[PDB]
file protein_25.txt (compact mmCIF, C-alpha atoms)
# COMPACT_ATOMS: atom_id res chain seq x y z
CA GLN A 1084 2.74 16.43 -0.26
CA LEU A 1085 -0.25 14.08 -0.02
CA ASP A 1086 0.21 12.96 -3.63
CA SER A 1087 3.88 12.23 -2.91
CA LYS A 1088 2.89 10.30 0.22
CA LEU A 1089 0.46 8.16 -1.77
CA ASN A 1090 3.10 7.54 -4.44
CA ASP A 1091 5.62 6.47 -1.79
CA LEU A 1092 3.09 4.12 -0.19
CA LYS A 1093 2.49 2.64 -3.65
CA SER A 1094 5.96 1.05 -3.81
CA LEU A 1095 5.23 -0.88 -0.60
CA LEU A 1096 2.87 -3.17 -2.52
CA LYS A 1097 5.56 -3.98 -5.08
CA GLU A 1098 8.11 -4.59 -2.33
CA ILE A 1099 5.73 -6.94 -0.50
CA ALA A 1100 4.92 -8.80 -3.72
CA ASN A 1101 8.63 -9.26 -4.45
CA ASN A 1102 9.29 -10.46 -0.89
CA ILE A 1103 6.42 -12.97 -0.96
CA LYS A 1104 7.56 -14.52 -4.25
CA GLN B 1084 -11.12 13.65 2.50
CA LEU B 1085 -10.80 11.72 -0.78
CA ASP B 1086 -7.01 11.66 -0.49
CA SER B 1087 -7.32 10.30 3.05
CA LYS B 1088 -9.81 7.68 1.84
CA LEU B 1089 -7.39 6.53 -0.87
CA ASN B 1090 -4.54 6.39 1.65
CA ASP B 1091 -6.66 4.29 4.02
CA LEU B 1092 -7.62 1.91 1.22
CA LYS B 1093 -3.92 1.58 0.41
CA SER B 1094 -3.15 -0.31 3.63
CA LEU B 1095 -5.70 -2.98 2.67
CA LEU B 1096 -3.31 -4.30 0.02
CA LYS B 1097 -0.50 -4.66 2.56
CA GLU B 1098 -2.85 -6.36 5.03
CA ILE B 1099 -4.03 -8.82 2.37
CA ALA B 1100 -0.45 -9.55 1.30
CA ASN B 1101 0.55 -10.23 4.91
CA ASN B 1102 -2.47 -12.49 5.43
CA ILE B 1103 -1.82 -14.49 2.25
CA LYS B 1104 1.83 -15.14 3.16

call {"tool": "encode", "arguments": {"input": "protein_25.txt", "output": "structure tokens"}}
result
Amino acid sequence: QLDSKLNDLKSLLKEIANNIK
Amino acid sequence: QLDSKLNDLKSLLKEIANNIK
């Protein structure tokens, strides 16, 4: 469960990077 | 503890992205 939570939080960085650009 | 530490470090990227924008 913790590994899945970390993986899910990972995509937030990509989403933020896409939004900023 | 290590998983929690990694999760906490994760939010730093989002904070930096918000600050830069």

call {"tool": "interface_residues", "arguments": {"input": "protein_25.txt", "of": "chain A", "to": "chain B", "cutoff": "8 Å", "atoms": "all atoms listed in the file", "output": "list in words"}}
result
residues 1085, 1086, 1089, 1092, 1093, 1095, 1096, 1099, 1100 and 1103 of chain A

call {"tool": "calpha_fit_and_write", "arguments": {"input": "protein_25.txt", "fixed": "chain B", "moving": "chain A", "output": "PDB file with C-alpha atoms, in the coordinates of the input"}}
result
ATOM      1  CA  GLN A1084     -11.117  13.649   2.496  1.00  0.00           C
ATOM      2  CA  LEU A1085     -10.804  11.722  -0.777  1.00  0.00           C
ATOM      3  CA  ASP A1086      -7.008  11.654  -0.492  1.00  0.00           C
ATOM      4  CA  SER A1087      -7.322  10.295   3.054  1.00  0.00           C
ATOM      5  CA  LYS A1088      -9.805   7.676   1.838  1.00  0.00           C
ATOM      6  CA  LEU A1089      -7.394   6.529  -0.867  1.00  0.00           C
ATOM      7  CA  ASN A1090      -4.543   6.389   1.650  1.00  0.00           C
ATOM      8  CA  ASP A1091      -6.657   4.289   4.024  1.00  0.00           C
ATOM      9  CA  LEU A1092      -7.625   1.909   1.216  1.00  0.00           C
ATOM     10  CA  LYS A1093      -3.916   1.588   0.403  1.00  0.00           C
ATOM     11  CA  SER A1094      -3.149  -0.306   3.632  1.00  0.00           C
ATOM     12  CA  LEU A1095      -5.697  -2.981   2.674  1.00  0.00           C
ATOM     13  CA  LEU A1096      -3.307  -4.300   0.019  1.00  0.00           C
ATOM     14  CA  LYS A1097      -0.504  -4.657   2.562  1.00  0.00           C
ATOM     15  CA  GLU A1098      -2.845  -6.354   5.027  1.00  0.00           C
ATOM     16  CA  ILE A1099      -4.026  -8.820   2.369  1.00  0.00           C
ATOM     17  CA  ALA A1100      -0.446  -9.545   1.299  1.00  0.00           C
ATOM     18  CA  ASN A1101       0.550 -10.231   4.911  1.00  0.00           C
ATOM     19  CA  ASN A1102      -2.480 -12.489   5.430  1.00  0.00           C
ATOM     20  CA  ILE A1103      -1.819 -14.491   2.253  1.00  0.00           C
ATOM     21  CA  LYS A1104       1.826 -15.145   3.157  1.00  0.00           C
TER      22      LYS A1104
END

call {"tool": "axis_aligned_box", "arguments": {"input": "protein_25.txt", "around": "range 1091-1094 of chain A", "padding_each_side": "4 Å", "output": "lines of an AutoDock Vina configuration file"}}
result
center_x = 4.2
center_y = 3.8
center_z = -2.0
size_x = 11.5
size_y = 13.4
size_z = 11.6

call {"tool": "build_atoms", "arguments": {"input": "protein_25.txt", "residues": "chain B", "atoms": "N, CA and C atoms", "output": "CSV table (one decimal), in the coordinates of the input"}}
result
chain,number,residue,atom,x,y,z
B,1084,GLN,N,-10.4,14.9,2.1
B,1084,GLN,CA,-11.1,13.6,2.5
B,1084,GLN,C,-10.9,12.5,1.5
B,1085,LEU,N,-11.0,12.8,0.2
B,1085,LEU,CA,-10.8,11.7,-0.8
B,1085,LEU,C,-9.4,11.2,-0.8
B,1086,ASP,N,-8.4,12.1,-0.6
B,1086,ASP,CA,-7.0,11.7,-0.5
B,1086,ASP,C,-6.8,10.8,0.7
B,1087,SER,N,-7.4,11.1,1.9
B,1087,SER,CA,-7.3,10.3,3.0
B,1087,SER,C,-8.0,8.9,2.8
B,1088,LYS,N,-9.1,8.9,2.1
B,1088,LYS,CA,-9.8,7.7,1.8
B,1088,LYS,C,-8.9,6.8,1.0
B,1089,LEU,N,-8.3,7.3,0.0
B,1089,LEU,CA,-7.4,6.5,-0.9
B,1089,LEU,C,-6.2,6.0,0.0
B,1090,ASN,N,-5.6,6.8,0.8
B,1090,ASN,CA,-4.5,6.4,1.6
B,1090,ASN,C,-5.0,5.2,2.6
B,1091,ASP,N,-6.2,5.4,3.2
B,1091,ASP,CA,-6.7,4.3,4.0
B,1091,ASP,C,-6.9,3.0,3.2
B,1092,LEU,N,-7.4,3.1,2.0
B,1092,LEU,CA,-7.6,1.9,1.2
B,1092,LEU,C,-6.3,1.3,0.8
B,1093,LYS,N,-5.2,2.1,0.8
B,1093,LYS,CA,-3.9,1.6,0.4
B,1093,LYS,C,-3.4,0.5,1.4
B,1094,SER,N,-3.6,0.7,2.7
B,1094,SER,CA,-3.2,-0.3,3.6
B,1094,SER,C,-3.8,-1.7,3.5
B,1095,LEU,N,-5.0,-1.7,2.9
B,1095,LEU,CA,-5.7,-3.0,2.7
B,1095,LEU,C,-4.9,-3.9,1.8
B,1096,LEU,N,-4.2,-3.4,0.8
B,1096,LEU,CA,-3.3,-4.3,0.0
B,1096,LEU,C,-2.2,-4.9,0.9
B,1097,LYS,N,-1.5,-4.1,1.7
B,1097,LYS,CA,-0.5,-4.7,2.6
B,1097,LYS,C,-1.1,-5.7,3.5
B,1098,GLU,N,-2.2,-5.4,4.1
B,1098,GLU,CA,-2.8,-6.4,5.0
B,1098,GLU,C,-3.2,-7.7,4.3
B,1099,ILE,N,-3.7,-7.6,3.1
B,1099,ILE,CA,-4.0,-8.8,2.4
B,1099,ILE,C,-2.8,-9.6,2.0
B,1100,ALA,N,-1.7,-8.9,1.6
B,1100,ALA,CA,-0.4,-9.6,1.3
B,1100,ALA,C,0.1,-10.3,2.5
B,1101,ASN,N,0.1,-9.6,3.7
B,1101,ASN,CA,0.6,-10.2,4.9
B,1101,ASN,C,-0.3,-11.5,5.3
B,1102,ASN,N,-1.6,-11.4,5.1
B,1102,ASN,CA,-2.5,-12.5,5.4
B,1102,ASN,C,-2.2,-13.7,4.5
B,1103,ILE,N,-2.0,-13.4,3.2
B,1103,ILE,CA,-1.8,-14.5,2.2
B,1103,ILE,C,-0.5,-15.2,2.6
B,1104,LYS,N,0.5,-14.5,2.9
B,1104,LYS,CA,1.8,-15.1,3.2
B,1104,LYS,C,1.7,-16.0,4.4
